[PDB]
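Following: one structure in structure tokens, then a few remarks.
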4 protein chains.
Amino acid sequence: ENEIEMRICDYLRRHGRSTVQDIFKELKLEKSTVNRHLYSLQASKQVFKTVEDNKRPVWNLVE
Amino acid sequence: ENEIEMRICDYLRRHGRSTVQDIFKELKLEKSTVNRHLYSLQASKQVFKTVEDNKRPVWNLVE
Amino acid sequence: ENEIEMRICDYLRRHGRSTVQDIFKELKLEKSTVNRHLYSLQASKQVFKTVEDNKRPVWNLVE
Amino acid sequence: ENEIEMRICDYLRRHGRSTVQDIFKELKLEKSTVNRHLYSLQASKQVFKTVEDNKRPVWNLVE
DNA sequence: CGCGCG
DNA sequence: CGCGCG
DNA sequence: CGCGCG
DNA sequence: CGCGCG
């Protein structure tokens, strides 16, 4: 869904840097569904993640 | 859902030993949703898994 | 231990805002031991936490 | 440790049904360490727990 | 799952 | 407060 | 890649 | 436990 992806991006717009756990609980979606879409949005240069060791990746909007 | 759990158990009744991947594609559910319910059904002695090394656990009905 | 508490505070000095999960894996201590000391250091005004909903508390040095 | 697990099982052999709180104070270990091992021993069919509502699980030796 | 809790 | 969870 | 985890 | 994986 474009709706899921809009809702994820809108969460990031309002909250800035967030983990998938942040996003799925607020949106009431499965974690795996939010992650599928985050990775897809990353591939499409709409969001990006930063990672450190085994930590939760942290997501934000590009630019 | 009792409906999800019924549908999982019904899959195992007809197919015997199965991996989560077997079950979620047929049922058209998320893998994580089917696994949540398999682990819950295992706790309630309705299904059991066998595991070997890092292999996919294989699930079946108890008795 | 004063040593544990020094090591926790030193982690926070170098890393800033961190969760207990950040700290226990680097320090190789139990999560519960690091949390016991974080709560104790908070009571002694040496660190503070900020919390939002059910999120991981995030810890940092006072001042 | 096999030593921790031996010590936990030995506690249960002598005391029968016990909570984690019973076991960690006598053994002078962290509660989380004793629970990690109880859950692991349960998976290996060496101990079992019974649970009722939100009560402390109660542990004993299998058979 | 936030948990530190003795 | 059940929590084991990595 | 085993992952269920809240 | 990082996991998105089809």
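So you know, we letter chains A, B, ... as the sequences are listed, proteins then strands, and number each from 1. Only this structure's heavy atoms are used, side chains among them; waters, hydrogens and symmetry mates stay out.
Between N54(C) and the phosphate of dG2(E), there is no side-chain N or O to OP1/OP2 separation shorter than 4.0 Å. For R36(D), a side-chain nitrogen or oxygen approaches OP1 or OP2 of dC5(F) to under 4.0 Å. Between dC3(G) and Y39(B), a contact under 4.0 Å exists linking OP1 or OP2 to a side-chain N or O.
Taken from NE2 in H37(A) to CD1 in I23(A), the straight-line distance is 12.0 Å, to the nearest 0.5 Å. For the atom pair CG of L61(A) and CZ of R17(A), the computed distance is 12.5 Å after rounding to the nearest 0.5 Å.
Residue whose closest nucleotide on DNA chain F sits further toward the 5' end, between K31(C) and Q21(D): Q21(D).
In the hydrophobic cluster analysis, where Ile, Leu, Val, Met, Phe, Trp and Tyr join through side-chain heavy atoms closer than 4.5 angstrom, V58(D) is grouped apart from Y39(D).
Counting non-hydrogen atoms under 4.0 angstrom, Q42(A) reaches nothing in the nucleic acid. Here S32(D) lies in heavy-atom contact (under 4.0 Å) with sugar-phosphate atoms only.
Contact check on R13(C) versus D10(C) returns a salt bridge, with a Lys/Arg side-chain nitrogen under 4.0 Å from an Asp/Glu carboxylate oxygen.
Of the candidates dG6(H), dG4(H), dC3(F), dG6(H) carries the atom nearest the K25(B) side chain, counting heavy atoms from C-beta on. Nearest nucleotide to the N35(A) side chain, out of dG6(F), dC3(H), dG6(G): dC3(H).
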